[PDB]
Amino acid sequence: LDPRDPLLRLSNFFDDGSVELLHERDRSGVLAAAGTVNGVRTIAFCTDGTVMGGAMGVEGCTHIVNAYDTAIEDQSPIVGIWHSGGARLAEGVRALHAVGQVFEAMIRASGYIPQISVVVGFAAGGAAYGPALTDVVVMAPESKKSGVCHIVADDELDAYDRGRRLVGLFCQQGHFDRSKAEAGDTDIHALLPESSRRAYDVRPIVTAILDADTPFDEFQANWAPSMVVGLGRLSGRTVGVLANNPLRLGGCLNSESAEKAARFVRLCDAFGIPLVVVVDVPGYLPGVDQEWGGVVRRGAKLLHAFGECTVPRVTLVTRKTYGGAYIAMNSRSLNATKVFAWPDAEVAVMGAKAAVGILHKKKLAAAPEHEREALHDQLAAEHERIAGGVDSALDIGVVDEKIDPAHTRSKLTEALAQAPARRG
């Protein structure tokens, strides 16, 4: 049997023996079926790469729309398996229109049922935009378009595995389990470098927070790498993680990372998935020709996403959080559910010696040049006695509690469990 065969591909994706076709098999270029994924009733459709390379026509598009209507009616997740050059040119405008009706069904489903895309072959034209309307896109390598793909699998079978796990993440979200959170506690601070001025990969921190046995399904790892986002489980419960990555661009927010974070916040908010926000950000960067327009418009989008978000969202400041980027990374002013800080964390407008160079610029400029640097360091040292540090932030009220890093998991879980499912 040809590897591209759509029944074979659906049967690989679904639970063995669960497949039930929604229509008679035909030459339309699409096969749609009901099935189960680890017990969850799921709808899926597959483009038929053996017929016209999978090109989309009126009758195949109608099968996809019918499957979307079936899935919306029963509130089931819907998975598309994509292998297709686009609309059938020979069918003309009728095919364009039917492709648009596929788009309109995905839009009607948006935020209502989870939509997973598994791209296992070449996907072009209308078949590139279809997956782009869904919530998570898994790409097998055998299938520039930066940002569009969320997860790169190893091969086709591995792509179905990741797709199946995503169905579980969205449809078997579970409950937080305080006792499982405690059993997984470790000293996560031990993963930071000894010098607070050295850069590190944030991913080990993220996996130490998340459940030891569950994978971290990172989204868009190679796009906007100063920001890490993805799905995992915290004490058995599906959570979303966003974390500045000091390893790239100093961990700074820029236009792409703000957009990556905002899109992920909106996805999690839409499906009731709470957020853990691991903050270690020193500032924000401009474009390339130094145009601030992108980070301003995309940064505003990030502000908008957190401000409107109603799922529980808890912030953990590990080391630094400065300036405008501090506000954007789920701050109390944007109604963060709770803000935690590790003991050595600094919450400030900017570095002390940068801040002193502005606040005392005239005094410093009026001092003899041979004794200016010694006065700058003295005023900086006095500035840190008052500004920064957790207790200043605690007194202000922008941090709710300083926590022992050995209790990060149970503190985060406790805060997420106490919040309502909605409002913030």
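Residue numbers here begin at 1 and follow the sequence given.
The modelled chain breaks between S143 and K144, where 10 or more residues of the deposited sequence lack coordinates.
On average the C-alpha atoms of 315 to 323 have higher B-factors than those of the other stretch, with 259 to 267 and 315 to 323 being the two compared. Averaged over Cα atoms, the B-factor as recorded in the entry is higher for 348 to 356 than for the other of 348 to 356 and 330 to 338. Residues shown: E59, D69, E382, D48. Highest C-alpha temperature factor in the entry: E382. Annotation for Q290, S110, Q220, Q172: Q290 ranks highest, by Cα B-factor.
The entry lists a Cα temperature factor for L192 that places it in the highest third of the chain's modelled residues. In the deposited entry, the Cα temperature factor of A365 sits in the top third of values across the chain's modelled residues.
Per the PDB record, residue ranking by Cα B-factor puts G39 in the middle third of the chain. When the modelled residues of the chain are ordered by C-alpha B-factor, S76 sits in the middle third. The entry lists a Cα temperature factor for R233 that places it in the lowest third of the chain's modelled residues.
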